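Report on the following structure.
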Amino acid sequence: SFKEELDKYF
Amino acid sequence: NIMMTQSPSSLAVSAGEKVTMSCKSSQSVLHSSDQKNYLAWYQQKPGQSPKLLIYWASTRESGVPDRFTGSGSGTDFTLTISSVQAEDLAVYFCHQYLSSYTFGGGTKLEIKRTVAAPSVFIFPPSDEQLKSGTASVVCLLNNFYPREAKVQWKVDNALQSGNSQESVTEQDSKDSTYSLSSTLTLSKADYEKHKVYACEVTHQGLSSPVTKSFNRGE
Amino acid sequence: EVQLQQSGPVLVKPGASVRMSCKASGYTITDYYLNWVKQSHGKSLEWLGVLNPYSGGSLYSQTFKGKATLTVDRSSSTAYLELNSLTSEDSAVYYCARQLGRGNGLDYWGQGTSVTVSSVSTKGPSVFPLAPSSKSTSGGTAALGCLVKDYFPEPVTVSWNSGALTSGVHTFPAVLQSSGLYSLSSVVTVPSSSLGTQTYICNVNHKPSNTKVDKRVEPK
């Protein structure tokens with residue numbers, strides 16, 4: 001979910 | 001999404017008092033790779049943009065006074081202001097950034113101070129406005145506390161209804177007072193039918209109503 | 001000093017699109033991410049998404065996916081937010097806010113861009129003096145002001161003496177008149193002793209109607 005999308009994006 | 005809940009909705013303290021406010025997240029905001037709670041606090045003074053105070057739940061941002069301290073872990077966070085100053089009036093928001101960013105609904109910190117009666121002023125319509133067919137008469141109540149105040153408009157001692165609007169300022173960041181402006185709006189034709197235009201003001205700091213008035217065209 | 005300078009307030013019709021800007025100065029724009037955050041009614045904050053000025057790539061809240069578009073012009077150090085298919089519910093102040101990296105807070109925010117979505121047309125205010133008189137004195141002080149009447153949408157900005165007069169100013173929240181137009185007043189208290197030597201001018205700006213009015217306020 002979204003926490004991992006933030007991790008990948010940053 | 002992670003839901004952020006702040007309490008209380010508002011609170012009011014005198015300068016020098018300690019305050020605490022709560023922020024609860026609906027799930028953990030702990031980021032595993034760095035073992036940091038991805039939780040920030042912001043201060044938003046009236047008319048300004050938010051200012052970052054705290055991040056990682058408890059690390060104070062550079063330049064933030066040390067009276068502001070963030071604490072907590074898991075789902076329960078706290079912002080403490082150790083000794084509130086008059087300029088700390090603001091809405092304080094928490095923010096989680098572990099997942100899709102969400103904010104709490106804010107805690108509004110208001111300041112308590114001694115009673116201050118309003119200074120009252122009245123303004124006739126400008127000649128420029130009159131030439132255009134309308135008369136706006138303005139009554140100003142300056143720098144009073146607490147915020148509750150009542151204005152009544154009287155025209156040759158007749159109480160008016162239905163033809164005025166008012167608004168009150170945010171609290172002042174230096175003296176903790178409020179001010180209020182009321183506008184009575186009439187047509188030019190009605191304005192010219194009467195002599196005495198009066199604003200009558202009631203407030204805790206006054207033992208009897210104060211009236212400020214003018215005589216039209218004088 | 002770091003600054004994020006956002007474009008001015010705008011009125012747009014339902015169904016239209018709008019693009020607003022956020023210009024970074026005092027730092028290299030590619031050194032920090034840029035977030036966009038909506039504020040409704042001066043309080044509730046809602047995140048739209050984040051852009052990386054170096055790559056130009058963005059990550060959006062699911063709420064704004066396909067509704068918001070983040071872009072950047074690295075040459076002019078300027079980020080952009082475009083919103084499409086606008087509804088009344090999109091009226092808000094939109095902030096841009098820098099974020100150094102994943103773990104950081106939003107450390108510096110622009111001043112916000114107010115977007116009003118409405119079928120009502122823009123209207124610029126009339127500006128009238130609130131002239132000091134014998135009935136606007138309180139113990140050696142005089143109150144004076146400007147009435148900024150009949151405009152749409154918010155906001156109006158008022159300064160005094162081009163920003164050199166700020167002490168004792170109260171610029172009141174606007175009121176919504178029955179007509180659907182706004183009115184506000186801005187007042188200041190000054191010494192009565194110097195009304196003849198000092199000059200007081202309110203500078204009124206209503207960007208949506210191109211109103212820039214300076215009004216000299218003198219004793220009646």
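Here is the naming used below: chain letters follow the sequence lines, and residue numbers restart at 1 for every chain. Reckoned from all heavy atoms, side chains included, excluding hydrogens, waters and symmetry mates.
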Tell me if a side-chain donor or acceptor on [X] pairs with a main-chain N or O of [Y] at a distance below 3.5 Å.
X	Y	answer
C:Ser7	C:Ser21	yes
B:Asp156	B:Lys195	yes
B:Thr169	B:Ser179	yes
B:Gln6	B:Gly106	yes
B:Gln129	B:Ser132	no

Has [X] got more than 12 heavy atoms of other residues, nucleotides or ligands less than 6.0 Å from its [atom1]?
X	atom1	answer
B:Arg67	CZ	yes
B:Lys108	NZ	no
B:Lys150	NZ	no
B:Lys45	NZ	yes

In plain terms, say whether [X] and [Y] are close enough for a salt bridge, that is, a side-chain N and a carboxylate O under 4.0 Å apart.
X	Y	result
B:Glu200	B:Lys154	yes
B:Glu128	C:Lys215	yes
C:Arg98	C:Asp107	yes
B:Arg113	B:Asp175	no

Ring pair (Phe, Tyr, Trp, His ring centres under 6.0 Å) partners of [X], counting only residues at least two apart:
X	value
C:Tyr95	C:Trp109
C:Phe172	none
B:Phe77	none
B:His95	B:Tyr42, B:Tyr97, B:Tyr101, B:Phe103

Test side-chain contact (heavy atoms from CB on, under 4.5 Å) applied to C:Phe152 and C:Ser118, C:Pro125, C:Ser209, C:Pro208, the passing residue: C:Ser118
Heavy-atom pair of closest approach, residues B:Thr20 and B:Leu11: O-CD1, 4.2 Å
Minimum-distance pair of heavy atoms, taken over all atoms of C:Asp90 and C:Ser85: OD2-O, 4.0 Å
Plane angle bin for B:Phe144 and B:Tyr178 - parallel if under 30°, tilted between 30 and 60°, otherwise perpendicular: tilted
Ring centre gap for B:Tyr55 and B:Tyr38 strictly below 6.0 Å: no
Approximate separation, where rounding is to 0.5 Å, of C:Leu176 CG and C:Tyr182 OH: 5.0 Å
With B:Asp190 via salt bridge (charged side-chain N to carboxylate O under 4.0 Å, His left out) - residues at least two apart: B:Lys193
Inter- and intrachain pairs under disulfide (SG to SG under 2.5 Å), touching residues 53-110 of chain B, at least two apart: B:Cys23-B:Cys94
